[PDB]
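As a plain string of letters, each chain reads:
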Amino acid sequence: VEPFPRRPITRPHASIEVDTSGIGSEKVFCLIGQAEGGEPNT
Amino acid sequence: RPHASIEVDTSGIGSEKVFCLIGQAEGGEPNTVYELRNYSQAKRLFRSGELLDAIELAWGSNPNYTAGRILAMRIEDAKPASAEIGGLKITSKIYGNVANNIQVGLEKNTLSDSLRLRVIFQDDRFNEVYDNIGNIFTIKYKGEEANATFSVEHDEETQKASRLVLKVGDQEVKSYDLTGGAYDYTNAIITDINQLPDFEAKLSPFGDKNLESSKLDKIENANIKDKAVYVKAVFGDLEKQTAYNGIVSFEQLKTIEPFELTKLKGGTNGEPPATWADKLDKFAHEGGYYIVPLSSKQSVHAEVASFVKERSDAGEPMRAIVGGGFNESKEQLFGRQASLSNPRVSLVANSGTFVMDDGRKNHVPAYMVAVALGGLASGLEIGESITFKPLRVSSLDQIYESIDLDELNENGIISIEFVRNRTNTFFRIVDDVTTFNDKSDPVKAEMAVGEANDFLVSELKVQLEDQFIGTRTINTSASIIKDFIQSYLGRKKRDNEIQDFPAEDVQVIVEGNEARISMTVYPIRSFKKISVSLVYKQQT
Amino acid sequence: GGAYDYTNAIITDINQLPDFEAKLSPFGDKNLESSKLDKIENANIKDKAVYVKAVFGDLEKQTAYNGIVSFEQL
Amino acid sequence: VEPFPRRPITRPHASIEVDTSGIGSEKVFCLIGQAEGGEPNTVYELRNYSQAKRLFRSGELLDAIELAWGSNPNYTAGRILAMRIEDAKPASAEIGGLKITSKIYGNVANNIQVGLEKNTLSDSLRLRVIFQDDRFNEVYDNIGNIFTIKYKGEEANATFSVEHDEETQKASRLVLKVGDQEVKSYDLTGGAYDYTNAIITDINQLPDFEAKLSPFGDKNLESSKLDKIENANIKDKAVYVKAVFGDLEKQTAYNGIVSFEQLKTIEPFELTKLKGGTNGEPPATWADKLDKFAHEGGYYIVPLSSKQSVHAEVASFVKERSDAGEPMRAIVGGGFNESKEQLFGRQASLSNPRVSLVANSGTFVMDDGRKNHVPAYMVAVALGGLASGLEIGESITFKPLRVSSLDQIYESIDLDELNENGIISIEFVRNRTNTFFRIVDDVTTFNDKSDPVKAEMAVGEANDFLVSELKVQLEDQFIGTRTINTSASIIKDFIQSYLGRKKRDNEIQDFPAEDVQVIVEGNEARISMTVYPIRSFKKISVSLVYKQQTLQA
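Within each chain the numbering goes from 1 in written sequence order, not necessarily matching the entry, and residues lacking coordinates are not shown. In the order they appear in the text, chains get letters beginning with A and ligands get numbers beginning with 1. Part of a larger assembly is shown, with all reported values restricted to the visible chains. Values shown for side chains rest on all heavy atoms present in the structure; no hydrogens or waters enter the calculation.

Structure determination for this PDB entry is given in the record as cryo-EM, at a resolution of 4.0 Å.

1. What to know about the interface of chain B and chain C
Whether two residues touch is decided by their heavy atoms; if any such pair falls within 4.5 Å, the residues are in contact. Between chain B and chain C, the residue contacts involve 13 residues of the former and 11 residues of the latter. Interface area, chain B with chain C, both sides summed: about 980 Å², of which 46% is carbon and sulfur. In terms of surface lost to chain C, no three residues of chain B exceed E271, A274 and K297 of chain B, which account for 49% of the buried area on that side. Salt bridge, as used here: a side-chain nitrogen of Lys or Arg that lies within 4 Å of a carboxyl oxygen of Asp or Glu. The interface formed by chain B and chain C contains one salt bridge. Buried surface area refers to the total accessible area, computed with a probe of radius 1.4 Å, that the two partners give up upon joining, counted for both partners together.

2. Comments concerning the pairing of strand 6 (residues 113-119) of chain D
All names here are of chain D. Counting buried residues along strand 6, five of its seven residues qualify, which places the element largely inside the surrounding structure. Examined bridge by bridge, strand 6 and strand 7 (residues 124-131) share seven bridges and lie antiparallel to one another. Across the sheet, the residue bridging to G115 is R128, located in strand 7. Two strands qualify as a pair provided DSSP detects at least 2 bridges between them. The numbering of helices and of strands both runs from the N terminus, where a helix is a DSSP run of H or I of at least 4 residues and a strand a run of E of at least 2. Linking strand 6 to strand 7, which pair antiparallel, is a turn of four residues; within it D123 sits at a positive phi near 55°. With three bridges joining them, strand 6 and strand 16 (residues 269-273) adopt antiparallel strand pairing. Within strand 16, the residue paired with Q113 across the bridge is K273. We call a residue buried when its accessible area falls under 20% of the maximum for its residue type, exposed when it is over 50%, and partly exposed in between, using a 1.4 Å probe and counting protein chains only.

3. A word on unusual backbone geometry
Residue and element names in this part refer to chain D. The omega torsion of the bond from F4 to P5 falls at -5°, within 30 degrees of zero and hence cis. Along the polypeptide, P5 turns up in the segment before strand 1 (28-33). Positioned with a positive phi, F398 is a non-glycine residue whose angle comes to about 60°. Looking at where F398 falls in the secondary structure, it is placed in the loop between helix 8 (376-389) and strand 22 (405-406). For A553, which is not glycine, the phi dihedral falls at a positive 60°. Within the element layout of this structure, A553 appears in the segment after strand 26 (524-528).

4. Examining a nonpolar patch on the surface
All names here are of chain B. The patch calculation keeps residues exceeding 30% relative accessible area without a salt bridge and links them within 9 Å when they carry like charges or within 5 Å when they are nonpolar (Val, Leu, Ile, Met, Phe, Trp, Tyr). Areas reported here follow the Shrake-Rupley algorithm with a probe of radius 1.4 Å; residue values treat only the protein chains shown as occluding. Taken together, the side chains of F527, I530, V532, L534 and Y536 present a nonpolar region at the surface, about 740 Å² in accessible area. With respect to the secondary-structure elements, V532 resides in the segment after strand 27 (514-518). With relative accessibility at 70%, the residue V532 sits in the exposed group.

5. So, the pairing of strand 5 (residues 88-95) of chain B
All names here are of chain B. Sheet analysis places strand 4 (residues 80-85) next to strand 5, joined by five bridges and oriented antiparallel. Of the residues in strand 5, the one forming a bridge with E84 is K89. As consecutive antiparallel partners, strand 4 and strand 5 are separated by two residues, and within that stretch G86 has a phi angle of approximately 60°, a positive value. Taken together, the five bridges between strand 5 and strand 16 (residues 248-252) define a ladder with antiparallel strand orientation.

6. A short note on the sheet that holds strand 10 (residues 148-155) of chain B
Residues and elements named next belong to chain B. Read from one edge to the other, the open sheet built from four strands follows the order 12-11-10-14, with strand pairing classed as antiparallel. Each of the sheet's edge strands pairs with one partner strand only, and the pair in question is strand 12 (171-175) and strand 14 (219-220). Bridging between strand 11 (residues 160-168) and strand 12 involves four bridges; their strand directions are antiparallel. Across the sheet, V165 pairs through a bridge with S175, a residue of strand 12.

7. Focus on the interface of chain A and chain B
On the side of chain B, 16 residues touch chain A, which itself brings 10 residues to the contact. Buried area between chain A and chain B, summed over both chains or domains, comes out near 1,100 Å², and the portion from carbon and sulfur atoms is 80%. Its largest share of buried area at the contact with chain B, chain A owes to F4, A14 and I23 of chain A, together 53% of the area lost on that side. Taken together, the links from chain A to chain B amount to zero salt bridges.

Here it is in structure tokens:
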């Protein structure tokens, strides 16, 4: 939702704001167990 | 008066997506942008270096999508060769150590009684002689009196020819004060001198030099009746000698003297700058979109990334492709991608070899490949993708496997995969991914999608500014605005630059100065998965 | 603080002098901050090409994007 | 609303009385803070970063301006008023006959360097100013040579004298003598001769003497400021009238960083640094500093100080402005990483509806790449900047802060406690695919929530803006106008139009039109109306109920 000139100007100009996110739950799974690698808490 | 008039229009015959390059070069002026169209023009400008090789690669990267109007720059803070002899100052046009080997040398011709200049530069097979320096006109006498002399002297306050006098015996026939009057050039002087009953000032047979009247040299008390005396003006005449042909310029700080065929000095290429910020600023308002620095340095990459972001903030969107090193491990590529993490930057992993038109099997780092990819991208239409396009690279330093390619693409790294027996080339581009690794976001992740959006916005902005701002507000303005937009959107659809747009959704509102507008578009995409299922059936 | 935070500005200013030549090292991207430079006491510049070292900064820079091991100065 | 022409005439004609009208709040945000530049006890308007950086050279106030403009990237960069707190003084030096003083206030001004020189060819003085902190350099060349005088007569004696008024030392006469008598004397008593141009022309009018206006920049000085030259051989050589004291005003005073005066004669001197530049220290009493924002139209004001004394003085100030007819509100933030006890003690200390407290402190990524860790009051400036960016009556509840990281990422308990006790608090929302910081509430320091006008910032802002606009417009419109028979109805239609325009902008919910009743009696006009105040959602309940349904074919 950025105007095309990021900072608005006072002069006579054309200003364009575009819904960038209009062109575009997961139910995440988890596992805990022994491993030989990685941080002990992260 | 009555007359016929004729007009012609051409706007219907026809963005261009200009491509940029900055790097090391062996010739051309520093801190100066140029527009290139032909290879001969770049060879004349840039004598040699990697930059010329990059221009050649860019205009030969692909068979079908070579770029155009490439913008080039020399980063070397070079200086031109120069030398000093007598009262002269010698300075060469060329910047760098190449001008040192330009040979310059003044001589004298006894037959013509005139100085001679000869300049030779064996690298370009240059060899010319400027005979008959000075010797502007000959003064001749046809009378039978006791003596006849002339005299020209300078004005010391300005070194201008104070007078020009013809004498019979001791007194004067007619004197031309050259500091004043309308006799600014020698031809105005000779045209009137020849009208005298018994005197001639024939312009020299060695061409029509036609030099300034004020620049005549200092000669006095010479026999006209015995000799066709020469007024010379060597320094002013050297401008006529070097009017159009000549690599080396001349100036006078004094008297000029002949000297040996001496080579120039002081020509310096200079060290390369550490930071390209001042160099990059010159491309602020040049209209370029794709820029690629010819450097493997991460500092330069960060500087370019800052530059393209600033230009995109100012309403001039730009993108960059970077690379470096020879046979860089995957760890370095991931480190570089994590350091950048910019949507408007793309990283190239593979480095290889290219067959120049000159016949050189040039083994080059990875940024030269990023040049080639940039020149292919700029060659493509607005919003068309560089996916699976041929590259025509001769060979590569690595052949990544189907797992290595999947890891590079998942890390937002561009890579090239070896492929056998295809009609065009033995290589293709796997993907047009950016360094921003958010694959969920299609604008930031895909180069093509964001380029389509940026060119759509820029063209809409330019056209709306050009057309309606500064005009009148009348009843038909709103309808006209809507019609112009619909026409633009239909043009974009016709060119396949968007998928589709609903016409009814376009709305226009006009109130005083403002003009509030709104619209909907279905944006362009290029396929990235193609699925085909088959069903088998029989009859008994 | 300011423009001289990194060695780049130091190199450009030295090279700006006509009497000096301070080409950056060609072996990859060092570009170390100017705070980490090692001490020097009147090293002759006329007869020699004096190299500023800054050992531990370059050790950190090279071993940053490569390898499992990490290092710390005592 | 004037006639064309603007000159009534009685003879037959056709006049036009065009009315050009009918074809036509800003919520300014104020700031007070520290900077290396700008005068003391003065307020300046800001609209651009470069503009702020010109005056406010460096300091925490610049960072606060940048944070306030950056606190609402989706919205425009609005007007901001800024003030310096330090009682700073300018650098000045006295060298030669001139008093030299710089325009910059503070210790930076001391780096300014000024020196006078002379040019041999033009027989003229020269001025140069250098300021090495910004590579600034200016030269005012050709000081003097205001106009020449030349004498073309054949007599042996020809000179000129300028005589001064002895009491005031002002140039009083420009005398031109031949032989031993005054051929002409421009007695500067009156007329067009007060300006040197007229003198120059009349000298040109003389048969012998002639005066040429200076080609080295047309100066056109008043005759009273000319210099004094005597026994100068005008006949033999052109004599230069100089009037360097006039050249001061012509060149040096209207331009450049440094101002110049005279205490003595102007003479050359070497480039010398100015001295005496002092930043000063803030005063014990802040009431004088706030009073400059009396008539500036600002509504939100935030000082860059965690001290409770400043907070109380600001609270007393804004209350006094609100009593005076200019409602204003303030937001403050306490120290670095302050505990909840301190927030409770500050809130119990203030207990003001027109004051809000901010708890969270964190880090902001500045445009210069700096991860500027900052105290809570800088966050209060960010909230003021966001509130100013919103429309009238809006609420900063659940809006994104756009911070980088926070020192204290609170849980539900702390946020509930702070909300109940009337302290604004901000959370890093963890529950999501992608993470951000939001403001949980906009409750004022007033603890009791029985009256939402006092408790809620948005409601009290809408009420204050509505009342102020209605009051000002009613003064501007109907006071001093005739009490005709249609006045009451006109007033009703105007108020209905004002309320409808408020409703259109969504600053108010709705009103009953019929309840807008106007009574006129004598000099007084009595009006009664009702308006439903705009409210912002802060609690949503959903009573979902499941059911079963059967299907057939």
